[PDB]
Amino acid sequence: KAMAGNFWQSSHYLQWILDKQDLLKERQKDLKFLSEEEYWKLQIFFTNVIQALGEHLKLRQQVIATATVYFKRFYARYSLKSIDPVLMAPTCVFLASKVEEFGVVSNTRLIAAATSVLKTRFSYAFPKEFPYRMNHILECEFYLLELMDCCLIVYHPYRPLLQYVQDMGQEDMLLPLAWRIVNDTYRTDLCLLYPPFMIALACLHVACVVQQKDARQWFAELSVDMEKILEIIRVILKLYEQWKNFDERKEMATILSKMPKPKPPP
C-alpha cells in the first residue's frame, strides 16, 4: 500500500526501466559461453528456483515477484560468473522478505529451505548439496543492495490487473487465468522493459483471447500506446512456444555446466 500511486516518480520507473539495446549489449559478455536460447533457459530455471523457495517459506506471491526482479536486475548488468546464482536466489528472497514487511526469515529457516528445495525439487540439475552457509548470504546481501542502488520498492502488475478486471466486471471469469499469465511473464525480460500496468493489460488480453471473451470496445476506450501492448503480447505468445519446446529437466545440467564459473583468487 505504501507508495501505491507513485510509480511515475519512483526509482523503479526512473532507473530500472531499461533500454533493450543497452540490456542486450551487456548480455554479450555471457553469450560467449552460452547461446541466446540457453541464456533464456537459465532465466526460466532460476525463476522456478526462486518461486520454489518462496513457496517453501510460505511467502506471498508479491514477495516472490520482488525477489525475482532483484535477481533479474543484478544479472541484467553483471555477469553470471560474478556471484553464483545459487547464492543470489535465496539472498534475493531474504532481502525481499524484509522489504515487504513479513519478517526477517530465520537463519536456520532460510538455509534449510535452500537445502531442501534444491535436494527435493532440483536434484536433476544440482547433484551436490547446497554448499553455502548464512555468512555467504549476509555478504551477498550487501553486494545486491549496492548494485540496485538501494532501490528496494518494486511495482508489480497484480494491482493494476485487479483494478482492470473489476472495471470490466469479469473478475470470476478472467482473473485466475490473467493472474496466472502475469506469473509467467517473470520468465521473460518484460518487467525490466515496460511499466507494470502495460504488462497487466497484455496478460488480460491473452486471457480474453484464450477464453473467447470480446473486449475490443473496452480496450479501444483506454488511453494507452496500443502498439507497445502488442509488443508485450508477442513476447507472451513466444514464451509459451519456448515452454513447449523446453524440457528443463533433461537440459539444465548441461546448460549449468556451460555457465562461466567464478575466478578464485591467486
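When you see a residue number, it is the position in the sequence shown, counting from 1. Take the two forms, superpose them, and find the largest set of C-alpha atoms that agree within 1.5 Å; that set is the rigid core.
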RMS Cα shift after core superposition in 9 other deposited structures of this protein, winner of 99-107 and 168-176
99-107
Report the stretch with the higher mean CA temperature factor, choosing between 218-226 and 41-49 on the basis of the entry.
218-226
Should the higher mean CA B-factor in the entry be assigned to 209-217 or to 234-242?
209-217
Whose C-alpha has the highest temperature factor in the PDB entry: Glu100, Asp189, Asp149, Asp84?
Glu100
Check the PDB entry and point out which of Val154, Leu193, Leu174, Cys92 has the largest C-alpha temperature factor.
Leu174
Report the third (lowest, middle or highest) to which the CA temperature factor of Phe33 belongs, ranking only the modelled residues of the same chain.
highest
Mind checking which third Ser257 falls in for C-alpha B-factor across the chain?
middle
Please place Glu141 in the lowest, middle or highest third of its chain according to the CA B-factor in the PDB entry.
middle
For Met168, return the chain-relative third of its C-alpha B-factor as stated in the PDB record: lowest, middle or highest.
highest
Where does the C-alpha B-factor of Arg249 rank in its chain, lowest, middle or highest third?
middle
